[PDB]
Structures are given as structure tokens and as C-alpha cells.
């Protein structure tokens, strides 16, 4: 069959960051890992999807693909995306239900949509729902260990780089420092700029409430991952006692977790990550759910892929993440008039510059 999967090829890349990036629970990053998956159909068509980590899991994700998943996909018909997706979910279920398994599925799934897009002459933002092809964008700096001086300069760079919204890390040991930095940033950017905060589940319910009430005076748009993402009730406890809307989702790997969030976590914003909730298939499944609850669909990481998905739903924000994955693709993020812009090129709209990253392959 022309669209039968002839071969799958996965590569692992270790790409240095130009600077160390730091948050309260993931710690310090010196590089990130890039797992690419190329799928070849019998007629010769080629799709490439991918996933990333902040440095851990690369080999593990790749081992998964190469020994547990890719041998099962050869001979399957790549046009049956939902089916192949469902095949994987049960195929690796004993070692699945999120974790490494979802990253692996995501790389494969995104590959299939790259094939489908090319097969149908369609851009991802069209196949993903087409409501729009631009979206709101904010800068997410992974900047917890930065001196306040560095922090303000950095944010000044964002604003002058043509963005109009910023998110900073919180989660310092001395909560007073977080309050001080927040107030510092608000003073810098003025009243007309969307400001978010991200705690990276570093706080207790008590602490988050204590912190939230402390800074709500600086007009915070949302308060991301205040406590452990598994503590859905904790979120509801936090929300019931604070005014800043809560956000979460980057760490949810499963449509069921998204169900819990919507049903119990009292979120204002939700943040499915295609790289680790089952590619574009799983992402759409999550974004549908979130929309059925009338909650804006946003995304962290992977700006080059997620611009198509956020724009397609046209309700949420796109995080312009500090891992510069798009700088190693043939289309770094496009920003016109404060909005990120999806490609009209058929496929997922991401083509890696293999020559540039060849040097970082493992």
C-alpha cells in the first residue's frame, strides 16, 4: 500500500543552551534533548515529528521508540492516525499511562500528521481546526536563578523584541524575593502588559495562597502550576481562596488527567503539550475537552509546533519558550504585530535544519 509505513528513523540530539536556564523544581539546564522521528512510507513520502526534554529521558524515549514501538508500526497504514494512536496507547500500556511512553507516542504521532498535511496539501493550523493562523504570544523566561538586574534586562529584551506579554519563574526559598521580583517587573513593564507567573509546582497549597494574595495587586493574568499537578483538589483549595486565575497542563500526559483538571482543579487556563500528551492527536483530544469547558487553550514549549495548534483554536496563549528549538528549524518563530504566525506550508510547519544539528547528534 502506498501509505504503508516502510521505515521509521529516530535520532537523538543534545543541544547546548547558550546560557543556563533555571527553575525551582527542574533545577538547572545546560542543554536540552531533541528526539526526531522520521517516517517513510512505501511510495517514498516522509514525515518528521519530534519531542524534547530539558536534558533527561532522551536515551530512554529513543530506546522506547526503537525497541518497543517502531518495530510494531512497520507495515501499518500511516493514513490511520487515530487507529495507530490507539494501537500505541494499549501497546505500551503496562509501561505507559504517561511518562516516557507519551513522549515516544508524540514523536510518532506528529510524524504522521506531517505526512497527512503533506498528503492533503494542508498546513497544520488548517487540519487542527482552522479558526485562525495567528495567536497571542508571551515570553516564558526560565529565569529563577537570575539576579533581579539580569531579569529586568532580559524582560526588556522581550518587550523590545516585539512581544507584549511575559512570564517569569517563581519559587525562590525566600518568598519575599519572589514578591519583590514580581513587583519589580510590574513597575518595569507598566500597566499595559500581560504578566504571568510560573511556580513549577514548587509550592504548598498554603504557600501558593500566601503568595497569590501577596502579588495580586500587580494584575497577574495567571498563576501556573502553583503546587503538585497531581493534587487537583489542592488547586481547587488554592483557587477558592485567591483571585489570580490558575493554569496547568504541561505535565499532564493523558486525556484522563485533563478530565481531572477540568472536573476538579478549577483552572482558568489549560496547557496541553503536544510533545508529551500524544502528539497532535492527543493534543486535539485535550483541546476539545478544554474547549467544552470554555477554558482558553494554551501551550508551553515548542513554539514552532504549537503556534499552529493555538491559532487553530484561537482562544489561548502561545508560550515562546526559552529552548530555542525553532532556531534549528528552517523557520524560527515569526512574530508580526505582537502575534505569533503559523506557516501555510503543508505539513506540521516545522522542517529541521539537519545540517545545523548534525553536530549535536548522539
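Residue numbers count along the first chain shown, from 1.
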Subject >> Per the entry, higher mean C-alpha B factor between 129-137 and 252-260 >> reply: 252-260
Subject >> Selected stretch [higher average CA B-factor]: 305-313 or 40-48 >> reply: 40-48
Subject >> Residue with highest C-alpha B-factor in the PDB entry, from 151, 284, 166, 104 >> reply: 151
**OP:** Please work out which residue in 197, 214, 142, 112 has the highest C-alpha B-factor recorded for this crystal structure.
**Re:** 142
Original post:
Among the modelled residues of its chain, does the C-alpha B-factor of residue 276 lie in the lowest, middle or highest third?
Top reply: highest
**OP:** Place residue 322 in the lowest, middle or highest third of its chain's C-alpha B-factors, as listed in the PDB entry.
**Re:** highest
**OP:** Would you please rank residue 33 by its C-alpha temperature factor against the other modelled residues of its chain and give the third it falls in: lowest, middle or highest?
**Re:** lowest
**OP:** Report the third (lowest, middle or highest) to which the CA temperature factor of residue 184 belongs, ranking only the modelled residues of the same chain.
**Re:** middle
**OP:** Using the B-factors in the PDB entry, rank residue 71's C-alpha atom against the chain and give the third, lowest, middle or highest.
**Re:** middle
